[PDB]
>>> print(open('protein13.pdb').read())   # PDB, C-alpha atoms
ATOM      1  CA  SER A   1     116.586 137.017 114.970
ATOM      2  CA  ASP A   2     114.123 135.093 112.807
ATOM      3  CA  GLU A   3     111.421 137.171 111.118
ATOM      4  CA  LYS A   4     108.893 134.460 112.121
ATOM      5  CA  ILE A   5     105.429 135.157 110.754
ATOM      6  CA  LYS A   6     102.877 137.772 111.727
ATOM      7  CA  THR A   7     100.495 140.340 110.295
ATOM      8  CA  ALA A   8     101.310 144.048 110.166
ATOM      9  CA  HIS A   9      98.273 144.846 112.305
ATOM     10  CA  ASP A  10      99.264 142.370 115.021
ATOM     11  CA  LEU A  11     102.740 143.873 115.359
ATOM     12  CA  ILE A  12     101.384 147.421 115.354
ATOM     13  CA  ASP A  13      98.775 146.523 117.966
ATOM     14  CA  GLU A  14     101.408 144.965 120.231
ATOM     15  CA  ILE A  15     103.492 148.144 120.400
ATOM     16  CA  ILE A  16     100.437 150.380 120.822
ATOM     17  CA  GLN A  17      99.330 148.400 123.867
ATOM     18  CA  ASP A  18     102.804 148.641 125.370
ATOM     19  CA  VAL A  19     102.711 152.418 124.940
ATOM     20  CA  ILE A  20      99.382 152.624 126.761
ATOM     21  CA  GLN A  21     100.757 150.507 129.597
ATOM     22  CA  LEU A  22     103.901 152.644 129.633
ATOM     23  CA  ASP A  23     101.669 155.618 130.459
ATOM     24  CA  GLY A  24     101.928 156.557 134.138
ATOM     25  CA  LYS A  25     102.342 159.296 136.738
ATOM     26  CA  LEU A  26     105.125 160.623 134.495
ATOM     27  CA  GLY A  27     104.563 164.378 134.137
ATOM     28  CA  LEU A  28     105.459 166.842 131.384
ATOM     29  CA  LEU A  29     109.106 166.816 132.453
ATOM     30  CA  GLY A  30     109.142 163.031 132.218
ATOM     31  CA  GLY A  31     107.873 163.330 128.657
ATOM     32  CA  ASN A  32     105.260 164.871 126.354
ATOM     33  CA  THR A  33     101.498 164.261 126.468
ATOM     34  CA  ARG A  34      99.084 163.535 123.620
ATOM     35  CA  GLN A  35      95.317 163.109 123.317
ATOM     36  CA  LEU A  36      94.205 159.559 122.569
ATOM     37  CA  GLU A  37      91.949 159.001 119.565
ATOM     38  CA  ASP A  38      89.252 158.036 122.049
ATOM     39  CA  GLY A  39      89.809 161.478 123.611
ATOM     40  CA  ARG A  40      91.713 160.112 126.621
ATOM     41  CA  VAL A  41      94.650 162.170 127.895
ATOM     42  CA  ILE A  42      97.827 160.080 128.215
ATOM     43  CA  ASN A  43     101.524 160.684 128.936
ATOM     44  CA  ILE A  44     104.400 159.021 127.081
ATOM     45  CA  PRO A  45     108.069 159.829 126.094
ATOM     46  CA  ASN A  46     108.557 162.290 123.242
ATOM     47  CA  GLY A  47     109.722 159.318 121.170
ATOM     48  CA  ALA A  48     106.474 157.493 121.904
ATOM     49  CA  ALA A  49     104.648 160.558 120.601
ATOM     50  CA  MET A  50     106.584 160.334 117.334
ATOM     51  CA  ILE A  51     105.313 156.825 116.583
ATOM     52  CA  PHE A  52     101.892 157.837 117.883
ATOM     53  CA  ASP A  53     101.634 160.430 115.129
ATOM     54  CA  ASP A  54     102.707 157.793 112.603
ATOM     55  CA  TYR A  55      99.807 155.606 113.727
ATOM     56  CA  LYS A  56      97.399 158.461 113.016
ATOM     57  CA  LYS A  57      98.789 158.661 109.485
ATOM     58  CA  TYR A  58      97.866 155.056 108.883
ATOM     59  CA  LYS A  59      94.287 156.060 109.692
ATOM     60  CA  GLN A  60      94.445 159.369 107.828
ATOM     61  CA  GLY A  61      95.807 157.475 104.829
ATOM     62  CA  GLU A  62      98.941 159.598 104.715
ATOM     63  CA  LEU A  63     101.022 156.469 105.330
ATOM     64  CA  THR A  64     100.427 152.810 104.523
ATOM     65  CA  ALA A  65     100.319 150.050 107.127
ATOM     66  CA  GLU A  66     103.822 148.974 106.137
ATOM     67  CA  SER A  67     104.994 152.554 105.664
ATOM     68  CA  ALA A  68     103.957 153.475 109.189
ATOM     69  CA  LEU A  69     105.582 150.314 110.519
ATOM     70  CA  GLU A  70     108.710 151.029 108.503
ATOM     71  CA  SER A  71     108.880 154.577 109.857
ATOM     72  CA  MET A  72     108.576 153.317 113.440
ATOM     73  CA  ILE A  73     111.392 150.816 112.937
ATOM     74  CA  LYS A  74     113.865 153.370 111.541
ATOM     75  CA  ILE A  75     113.237 155.911 114.304
ATOM     76  CA  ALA A  76     113.204 153.127 116.873
ATOM     77  CA  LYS A  77     116.732 152.153 115.880
ATOM     78  CA  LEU A  78     117.876 155.750 116.256
ATOM     79  CA  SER A  79     116.254 155.950 119.688
ATOM     80  CA  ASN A  80     117.847 152.649 120.664
ATOM     81  CA  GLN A  81     121.220 153.897 119.449
ATOM     82  CA  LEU A  82     121.013 156.932 121.734
ATOM     83  CA  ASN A  83     119.921 154.686 124.606
ATOM     84  CA  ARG A  84     122.983 152.495 124.068
ATOM     85  CA  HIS A  85     125.235 155.543 124.388
ATOM     86  CA  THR A  86     126.278 156.938 127.766
ATOM     87  CA  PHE A  87     123.970 158.870 130.105
ATOM     88  CA  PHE A  88     121.367 156.184 129.447
ATOM     89  CA  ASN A  89     120.585 156.292 133.166
ATOM     90  CA  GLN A  90     118.654 159.511 132.565
ATOM     91  CA  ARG A  91     116.024 157.578 130.607
ATOM     92  CA  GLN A  92     113.625 155.317 132.497
ATOM     93  CA  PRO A  93     114.190 151.514 132.153
ATOM     94  CA  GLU A  94     110.543 151.030 131.200
ATOM     95  CA  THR A  95     110.973 153.314 128.203
ATOM     96  CA  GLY A  96     114.135 151.482 127.175
ATOM     97  CA  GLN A  97     112.268 148.177 127.201
ATOM     98  CA  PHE A  98     109.632 149.564 124.830
ATOM     99  CA  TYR A  99     112.228 150.663 122.282
ATOM    100  CA  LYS A 100     113.899 147.252 122.411
ATOM    101  CA  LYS A 101     110.672 145.439 121.506
ATOM    102  CA  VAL A 102     109.941 147.824 118.634
ATOM    103  CA  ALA A 103     113.402 147.371 117.116
ATOM    104  CA  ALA A 104     113.167 143.647 117.641
ATOM    105  CA  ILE A 105     109.888 143.502 115.751
ATOM    106  CA  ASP A 106     108.878 139.996 116.715
ATOM    107  CA  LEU A 107     105.363 139.167 117.805
ATOM    108  CA  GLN A 108     106.469 135.713 118.947
TER
END
>>> encode(input="protein13.pdb", output="structure tokens")
Amino acid sequence: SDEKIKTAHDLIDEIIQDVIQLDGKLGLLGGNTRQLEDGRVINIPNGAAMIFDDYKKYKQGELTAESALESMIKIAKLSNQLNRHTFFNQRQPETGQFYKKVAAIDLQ
């Protein structure tokens, strides 16, 4: 897939919005919950939480914009790999779609 052309912020923003939309009636069993920077309680898969923390680092200054993006891509591939394996039915299709977009990092 062509790399195309986009800013780091635009790509990061695209995935963040998807995560927010992904939030739903899903309870603790469905996944873990984290407090939004705005102070809004949201629910997302444990994997979503992992990248969420990475985002915070970009703000904290612990990680760079590209470093945070890079970290998300590597873990995204691992998550996608597990999804590809069997017993993928256990995971929700909506969550699978999110991982696919992250791995295929194309703003388009």
>>> atom_distance(input="protein13.pdb", atom1="atom CA of residue 69 of chain A", atom2="atom CA of residue 16 of chain A")
11.5 Å
>>> atom_distance(input="protein13.pdb", atom1="atom CA of residue 57 of chain A", atom2="atom CA of residue 71 of chain A")
10.9 Å
>>> residues_around(input="protein13.pdb", residues="residue 49 of chain A", least_positions_apart="2", cutoff="10 Å", atoms="only C-alpha atoms", output="number ranges by chain")
A: 19, 31-34, 43-47, 51-55
>>> resolve_selection(input="protein13.pdb", expression="the PyMOL selection byres ((chain A and resi 1) around 12)", output="PyMOL selection string")
chain A and resi 2-4+103-108
>>> resolve_selection(input="protein13.pdb", expression="the PyMOL selection byres ((chain A and resi 79) around 12)", output="number ranges by chain")
A: 45-48, 50-51, 72-78, 80-85, 88, 91, 95-100, 102-103
>>> atom_distance(input="protein13.pdb", atom1="atom CA of residue 35 of chain A", atom2="atom CA of residue 67 of chain A")
22.7 Å
>>> decode(input="protein13.pdb", residues="segment 19-93 of chain A", atoms="C-alpha atoms", output="PDB file, in the first residue's frame")
ATOM      1  CA  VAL A  19     -11.389   4.797  19.400  1.00  0.00           C
ATOM      2  CA  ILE A  20     -13.914   7.277  20.785  1.00  0.00           C
ATOM      3  CA  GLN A  21     -16.541   6.026  18.346  1.00  0.00           C
ATOM      4  CA  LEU A  22     -15.623   2.445  19.236  1.00  0.00           C
ATOM      5  CA  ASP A  23     -16.655   3.247  22.814  1.00  0.00           C
ATOM      6  CA  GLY A  24     -20.058   1.755  23.636  1.00  0.00           C
ATOM      7  CA  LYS A  25     -22.204  -0.212  26.077  1.00  0.00           C
ATOM      8  CA  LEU A  26     -19.249  -2.609  26.315  1.00  0.00           C
ATOM      9  CA  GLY A  27     -18.664  -3.282  30.024  1.00  0.00           C
ATOM     10  CA  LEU A  28     -15.549  -4.225  31.987  1.00  0.00           C
ATOM     11  CA  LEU A  29     -15.724  -7.792  30.685  1.00  0.00           C
ATOM     12  CA  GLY A  30     -15.862  -6.482  27.129  1.00  0.00           C
ATOM     13  CA  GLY A  31     -12.689  -4.525  27.823  1.00  0.00           C
ATOM     14  CA  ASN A  32     -10.927  -2.093  30.166  1.00  0.00           C
ATOM     15  CA  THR A  33     -11.984   1.492  30.923  1.00  0.00           C
ATOM     16  CA  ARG A  34      -9.870   4.651  31.069  1.00  0.00           C
ATOM     17  CA  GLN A  35     -10.508   8.283  31.997  1.00  0.00           C
ATOM     18  CA  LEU A  36     -10.397  10.684  29.061  1.00  0.00           C
ATOM     19  CA  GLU A  37      -8.079  13.684  29.306  1.00  0.00           C
ATOM     20  CA  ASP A  38     -11.212  15.818  29.379  1.00  0.00           C
ATOM     21  CA  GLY A  39     -12.251  13.749  32.417  1.00  0.00           C
ATOM     22  CA  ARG A  40     -14.848  11.719  30.495  1.00  0.00           C
ATOM     23  CA  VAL A  41     -15.183   8.037  31.397  1.00  0.00           C
ATOM     24  CA  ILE A  42     -14.951   5.786  28.323  1.00  0.00           C
ATOM     25  CA  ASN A  43     -14.717   2.051  27.590  1.00  0.00           C
ATOM     26  CA  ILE A  44     -12.410   0.483  25.002  1.00  0.00           C
ATOM     27  CA  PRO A  45     -10.511  -2.861  24.454  1.00  0.00           C
ATOM     28  CA  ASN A  46      -7.395  -3.408  26.558  1.00  0.00           C
ATOM     29  CA  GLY A  47      -5.411  -2.927  23.346  1.00  0.00           C
ATOM     30  CA  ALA A  48      -7.067   0.445  22.792  1.00  0.00           C
ATOM     31  CA  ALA A  49      -5.935   1.393  26.292  1.00  0.00           C
ATOM     32  CA  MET A  50      -2.342   0.550  25.367  1.00  0.00           C
ATOM     33  CA  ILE A  51      -2.262   3.081  22.526  1.00  0.00           C
ATOM     34  CA  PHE A  52      -4.225   5.504  24.692  1.00  0.00           C
ATOM     35  CA  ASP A  53      -1.367   5.562  27.183  1.00  0.00           C
ATOM     36  CA  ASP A  54       1.067   6.129  24.314  1.00  0.00           C
ATOM     37  CA  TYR A  55      -0.918   9.209  23.301  1.00  0.00           C
ATOM     38  CA  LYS A  56      -0.516  10.604  26.815  1.00  0.00           C
ATOM     39  CA  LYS A  57       3.245  10.179  26.479  1.00  0.00           C
ATOM     40  CA  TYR A  58       3.253  12.390  23.426  1.00  0.00           C
ATOM     41  CA  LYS A  59       1.727  15.084  25.636  1.00  0.00           C
ATOM     42  CA  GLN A  60       3.892  14.296  28.658  1.00  0.00           C
ATOM     43  CA  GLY A  61       6.926  14.470  26.377  1.00  0.00           C
ATOM     44  CA  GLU A  62       7.984  10.942  27.257  1.00  0.00           C
ATOM     45  CA  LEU A  63       7.572   9.961  23.600  1.00  0.00           C
ATOM     46  CA  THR A  64       7.851  11.946  20.379  1.00  0.00           C
ATOM     47  CA  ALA A  65       5.035  12.315  17.859  1.00  0.00           C
ATOM     48  CA  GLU A  66       6.712   9.760  15.607  1.00  0.00           C
ATOM     49  CA  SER A  67       7.799   7.606  18.539  1.00  0.00           C
ATOM     50  CA  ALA A  68       4.237   7.333  19.800  1.00  0.00           C
ATOM     51  CA  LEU A  69       3.021   6.593  16.281  1.00  0.00           C
ATOM     52  CA  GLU A  70       5.779   4.034  15.827  1.00  0.00           C
ATOM     53  CA  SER A  71       4.860   2.331  19.100  1.00  0.00           C
ATOM     54  CA  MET A  72       1.200   2.119  18.063  1.00  0.00           C
ATOM     55  CA  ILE A  73       2.103   0.544  14.724  1.00  0.00           C
ATOM     56  CA  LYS A  74       4.288  -2.204  16.227  1.00  0.00           C
ATOM     57  CA  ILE A  75       1.719  -3.202  18.853  1.00  0.00           C
ATOM     58  CA  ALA A  76      -1.048  -2.884  16.284  1.00  0.00           C
ATOM     59  CA  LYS A  77       0.648  -5.495  14.119  1.00  0.00           C
ATOM     60  CA  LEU A  78       0.909  -7.847  17.083  1.00  0.00           C
ATOM     61  CA  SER A  79      -2.771  -7.322  17.876  1.00  0.00           C
ATOM     62  CA  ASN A  80      -3.665  -7.895  14.234  1.00  0.00           C
ATOM     63  CA  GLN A  81      -1.573 -11.062  14.200  1.00  0.00           C
ATOM     64  CA  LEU A  82      -3.531 -12.486  17.134  1.00  0.00           C
ATOM     65  CA  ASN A  83      -6.787 -11.469  15.445  1.00  0.00           C
ATOM     66  CA  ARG A  84      -5.761 -13.362  12.310  1.00  0.00           C
ATOM     67  CA  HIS A  85      -5.238 -16.516  14.370  1.00  0.00           C
ATOM     68  CA  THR A  86      -8.121 -18.796  15.339  1.00  0.00           C
ATOM     69  CA  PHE A  87     -10.735 -17.958  17.984  1.00  0.00           C
ATOM     70  CA  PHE A  88     -10.978 -14.523  16.382  1.00  0.00           C
ATOM     71  CA  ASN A  89     -14.748 -14.801  16.795  1.00  0.00           C
ATOM     72  CA  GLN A  90     -14.304 -13.990  20.482  1.00  0.00           C
ATOM     73  CA  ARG A  91     -13.221 -10.454  19.584  1.00  0.00           C
ATOM     74  CA  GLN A  92     -15.837  -7.998  18.332  1.00  0.00           C
ATOM     75  CA  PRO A  93     -15.747  -7.132  14.572  1.00  0.00           C
TER      76      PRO A  93
END
